[PDB]
Amino acid sequence: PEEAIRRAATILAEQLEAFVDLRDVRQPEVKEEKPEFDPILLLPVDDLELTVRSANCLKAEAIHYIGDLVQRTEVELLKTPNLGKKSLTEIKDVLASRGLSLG
DNA sequence: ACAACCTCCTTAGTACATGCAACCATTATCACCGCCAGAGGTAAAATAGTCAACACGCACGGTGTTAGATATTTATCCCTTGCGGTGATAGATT
């Protein structure tokens, strides 16, 4: 269920002809949003730029946010689900380009 | 000599458990009315004071002007959307 969600649920894009402009009449009304900005200590782990469902199976450890990823030094790093290859390999130096670090 | 036994005698000891809703009456009955207490009343003076007078003196509030803030307008910027290209996932195996 950590794979079988992220387009498996957006099948909702096939249930909406009944309700959200049934015809040909998109009207002026907004989407009215949610912003919280770079590089705030609250921002999600996705704000390190990732590699397919690596994003899902990392945030599933409740390490959803960059602020505590700073603890994950190459001595005890693995506690997470899956997260097995390109993600895990070398991103640790571009982590230091938005500006974080380990030690 | 007493013993309990036959009969219907009467006595009287009890009657399971949990909970919620409602409001608090009926009596008549001379208390007499006489006396006098300290004890109610109030006049005149203690324990002390009112508020009107003429002064005193101040605060507050509303009218006026000023200040600056705010909500508008404008326009800029970024973060987000949705699709797409193609990503190393998920997890089966080494």
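All residue numbers for the first sequence refer to our numbering, where the first residue is 70 and numbers rise by one.
Backbone N, C-alpha and C define an ideal beta-carbon position, used for all residues, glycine too.
Inset, instruction - List the endpoints of the continuous alpha helix (DSSP H) containing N125. - result: Locating residue 125 in the first sequence gives position 56, counting from the first residue. Note, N125: alpha helix (DSSP H), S123 to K128.
Inset, instruction - Take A165 as the anchor and find which of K128, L117, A82 and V121 has the nearest alpha-carbon. - result: Here the question's residue 165 lines up with position 96 in the first sequence. Measuring from the Cα of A165, the nearest candidate turns out to be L117.
Inset, instruction - Flag this pair as yes or no: are the beta carbons of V121 and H133 separated by less than 8 Å? - result: On the first sequence, residue 121 is found 52 positions in, with the first residue counted as 1. On the first sequence, residue 133 is found 64 positions in, with the first residue counted as 1. Remark: C-beta atoms of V121 and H133 do not approach each other more closely than 8 Å.
Legend entry - Stretch-stretch touch, CB-based, cutoff 8 Å, three pairs: the segment 121-130 with the segment 141-155: yes
Inset, instruction - Drop a sphere of 10 angstroms on the beta-carbon of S170, count the other beta-carbons inside from all chains shown, and report buried for 16 or more, exposed for fewer. - result: As a first step, residue 170 must be located in the first sequence, where it is residue number 101. When all chains shown are included, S170 counts as exposed.
Inset, instruction - Can you give me the start and stop residues for the alpha helix (DSSP H) that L138 sits inside? - result: Counting from one through the first sequence, the residue named residue 138 turns up at place 69. Under the DSSP assignment, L138 falls in the alpha helix (DSSP H) whose first and last residues are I135 to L138.
Legend entry - Straight-line gap, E83 to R76 (C-alpha atoms, nearest Å): Counting from one through the first sequence, the residue named residue 83 turns up at place 14. Counting from one through the first sequence, the residue named residue 76 turns up at place 7. Approximately 12 Å, taken between the alpha carbons.
Inset, instruction - Give me the Cα-Cα distance between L111 and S123, rounded to the nearest whole angstrom. - result: For the purposes of this step, residue 111 is taken as residue 42 along the first sequence, with counting starting at 1. For the purposes of this step, residue 123 is taken as residue 54 along the first sequence, with counting starting at 1. Each residue's alpha carbon lies about 19 Å from the other.
Legend entry - Nearest residue (CA-CA) to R167, options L81, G136 and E145: Locating residue 167 in the first sequence gives position 98, counting from the first residue. Here the closest residue by C-alpha is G136.
Inset, instruction - Would you give the residue range spanned by the alpha helix (DSSP H) that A165 belongs to? - result: Taking the first sequence and counting its residues from 1, the one referred to as residue 165 is at position 96. First-last of the alpha helix (DSSP H) with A165: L164 to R167.
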